[PDB]
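Coordinate analysis (summary)
Spelled out, the chains give:
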Amino acid sequence: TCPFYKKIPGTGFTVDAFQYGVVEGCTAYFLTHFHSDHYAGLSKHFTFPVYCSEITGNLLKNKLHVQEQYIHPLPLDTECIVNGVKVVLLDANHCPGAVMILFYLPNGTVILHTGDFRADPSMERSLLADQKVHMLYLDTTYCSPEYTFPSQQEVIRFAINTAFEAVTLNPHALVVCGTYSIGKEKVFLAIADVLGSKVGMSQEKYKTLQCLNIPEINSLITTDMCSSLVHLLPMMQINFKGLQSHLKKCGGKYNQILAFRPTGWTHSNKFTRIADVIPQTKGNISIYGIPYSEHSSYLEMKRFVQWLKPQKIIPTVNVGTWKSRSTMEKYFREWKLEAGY
Ligand code: NI
C-alpha cells in the first residue's frame, strides 16, 4: 500500500506512486523524473492523468508508450492550476526533466516536494524565495556528514584531462563510459567534445537521448560505433571481462581501453581528493570510478534547509530503518537549533 510520504495532504494528489495500483482518493498522479524506482508501474495501460515536465512527458510517450491523452506536461517556473490547486514545477538539478513541486493548498499551507535533487544556491533565487514553506518532503539520500563530494565542474575537469592525455599519448586507445539510466550525460558529452568525436551507443540509448531537448544533440551522439572513439555501454559491462570482450568486437581498431564508472559516492571520498583518484588496471584496460553525484552532499542539503526554514521535514529516502530515521531527525534538530528557526 502507498506510504504516507508519497501522499500530499488536503489534495487528491500522489507523488511518484505508480506501483501501488489504484490509490484510493487519488485524482492526479505526479511524476518528478524518469528513474525506475519512481516511475515503476507506468505503461500503455495507464488511464489516470499524469503530471510532469515536458522532458519526462517525452520519455513516457516514447519509451513506455503511455498514451498522449493521459500525459499532462507543465512548463517550468510557471503558476498552473491542477484540479483546483495552484502548483509550480522547479528545476531539481538532478537528471534531465527532473523537477521539485510546490503545492499551494486551499487552506494556506505551502508544501515543497524536492523529488530527487542536488541542492544549489541558485535555488535560493527561484520562486521559492517569494513565500514561506510549511512542509518539506526532502530527498535525504546522503543525509550524513561523511558524504562529501566535489563539484560536478571539478569531476568533469578531471575526466576531460584524463581522457585527452590518454588518447593523445595513444591514438589507438578507446574511451568507454557506463550508463544505466538517464542522468550524468555531461560525463560522456564533455569527453567526446575534447576528443573531437561523437558518442557511439545502441539504438535504444540513442532513442532515449533524443527525447531530452539537449541542444545540438544530433551533433554529439550517433549509432555508428565505427566512426566514434567514445562508446557508451551498460554499467554492468564496465569490468575487466566485459571490456576485454568489447575490445575484441572492435576488430583491431583499438589496443587499449580507458573506462569511466560515474558512481554516486564511494568511501575513497573520506580520505582522497579528486586530484588523487587512480584507476584499477589489468593489462591494457584501466577503470576509473569518479564521484559524479546528482544528489545533494550533506553540506549542500544542510545549507538548503537552513535557508528555507520549513516548519516540518518529511524524509523520502532511507526511511526503512529505525536507526536511519533517528539519525536524520537528530540532524534536522541540530540544523534548526544552529540557525534559530
Ligand atoms: Ni533519481
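Residues numbered from 1 in each chain as written, not as in the entry; some residues may be left out. Heavy atoms only, no water. Residues with missing side-chain atoms left out of burial classes, pairs and counts.

As recorded in the PDB header, X-ray crystallography is the method behind this entry, and the stated resolution is 1.4800 Å.

**So, the domain arrangement of the protein**
Many analyses report the size of an interface as the accessible area lost when the parts associate. Selection criterion: For the domain bounds, the source is a domain assignment made automatically or taken from a database. In this analysis, two residues are considered to be in contact whenever any of their non-hydrogen atoms come within 4.5 Å of each other. Under the scheme used here, helices are H or I runs from DSSP no shorter than 4 residues and strands are E runs no shorter than 2 residues, and both carry numbers assigned from the N terminus. Just so you know the grouping, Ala, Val, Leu, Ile, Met, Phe, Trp, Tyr, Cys and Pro go in nonpolar, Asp, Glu, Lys and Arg go in charged, and all remaining residues, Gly too, go in polar.
Each assigned domain of the protein is listed here: domain 1 (1-147 + 296-341) and domain 2 (148-295). Between domain 1 and domain 2, the C-alpha centre-to-centre distance is 30 Å. In this assembly, 25 residues from domain 1 lie in contact with 20 residues from domain 2. At 6 residues, helix 2 (residues 54-63) tops the list of elements feeding residues into the side of domain 1 that touches domain 2. Partitioning the side of domain 1 that touches domain 2 into residue classes produces 9 nonpolar, 9 polar and 7 charged.

**A few points about the state of the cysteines**
Should the sulfur atoms of two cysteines be covalently bonded, the bond is a disulfide. We apply this condition: For the purposes of this analysis, a disulfide is any pair of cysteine sulfur atoms at a distance within 2.5 Å. Each residue is placed in one exposure class: buried if its accessible area under a 1.4 Å probe, protein chains only, is under 20% of its type's maximum, exposed if it is over 50%, and partly exposed if it falls in between.
By the definition in use, this model includes 0 disulfides. Just so you know, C2 is unpaired, no disulfide at all, and the nearest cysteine sulfur is the one on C26, 8.0 Å from it. Accessibility expressed as a relative area gives 12% for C2, which makes it buried. The thiol of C250 is unpaired, and the distance to the nearest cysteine sulfur, on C226, comes to 7.7 Å.

**Brief notes about the sheet that holds strand 2 (residues 13-15)**
To keep things clear, this is the line we draw: Here, strands pair whenever DSSP counts at least two bridges between them.
The strand order across the open sheet formed by 5 strands is 1-2-3-4-5, and the pairing between neighbours is mixed. With one partner strand each, in any of the chains shown, strand 1 (7-8) and strand 5 (71-73) form the two edges of the open sheet. With 3 bridges joining them, strand 4 (residues 50-52) and strand 5 adopt parallel strand pairing. Paired with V50 across the strands is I71, a residue of strand 5.

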